[PDB]
Each structure stands twice: as structure tokens, then as C-alpha cells.
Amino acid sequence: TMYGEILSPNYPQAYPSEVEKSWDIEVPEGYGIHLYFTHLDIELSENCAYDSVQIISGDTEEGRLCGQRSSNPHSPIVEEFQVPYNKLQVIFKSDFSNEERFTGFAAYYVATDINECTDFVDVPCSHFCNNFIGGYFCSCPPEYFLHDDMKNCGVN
């Protein structure tokens, strides 16, 4: 998708006790993901060991959140992540009884274009790199032609 919404179970009301829920997010190849939380109302615990919302990018934990926090008066964002990959996983955990009636979280994500020409160490073209939304293409100086590898330019 190019965008989506992720809401904790029962949101905007108190989340269920003793539950674990997972969501997988995927955008097209050629894009990264901007994930932003607009509501965070989770029981606070040391190192968020009990209730929590985790953001995973592989086997790698990108973030782990708990507690209550609000926003910047002109933006509802309370926490956000920008990742260079097109897949991400979010996991929500509620441990024991939710007696204080915490309401969970709300997050949104949007696909972001990867700039293949500038985001990395080397330019993927011998000569001119042209970034566009979803991909990129190489081009050449006048009187040059692009080889079949769609990367290198040559002359006859």
C-alpha cells in the first residue's frame, strides 16, 4: 500500500488484558516507510517489559514504546520512525489486567520514495542519474547511448 492505519485492539477505548497482536506493513519496492504514532497511552513499566508497542524492521527492533505521551501544537505526532525498508512489523502486548484502562495507540504509515541517486555511497549510473517516484533511470551525455545494463553509457 502507499499508506495505512494501525490501531490497538479496542482503540480508542481501553485495550484488552493479556493479549498480543501483530501487524505486518508492506509498501512497494522503491519506497521506504514513515511510521508515526498519533496516540500513545500504554501502562508505563521499566524498559516497557510489560505492556508495550514494538516496531521491528527484521530481527531488529527499531523501537519499543510505552507510557503516556502527547505531542508540537501543530502536529499530533508523538513518536515517529523513518525506515529505508519496504516492510515493517508492529507488535502490541498487554500483560495482566488493564485496571487503569489505558487506551493503547494509533499509528499511521506512508510510503516514502527512495532516492536511488543520492541515498547511497555510489551513484547507480556511470553518468546521469534521474530519480523518480518508485524508481530511477540513468541517462547519458549527447552522442552517447545507454548500454543494455541500463547503467553504463558508451559511444559508437
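Don't overthink the numbering: it's just position in the shown sequence, from 1.
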Length class of the unmodelled deposited segment, which would lie between residue 71 and residue 72: 1 to 3
Given 90-98 and 32-40, the range whose Cα B-factors average higher in the PDB entry: 90-98
Stretch exceeding the other in mean C-alpha B-factor - 101-109, 125-133: 125-133
Residue, from 51, 46, 119, 26, that the PDB entry assigns the highest Cα B-factor: 119
Within-chain third of residue 153 by Cα B-factor, per the entry: highest
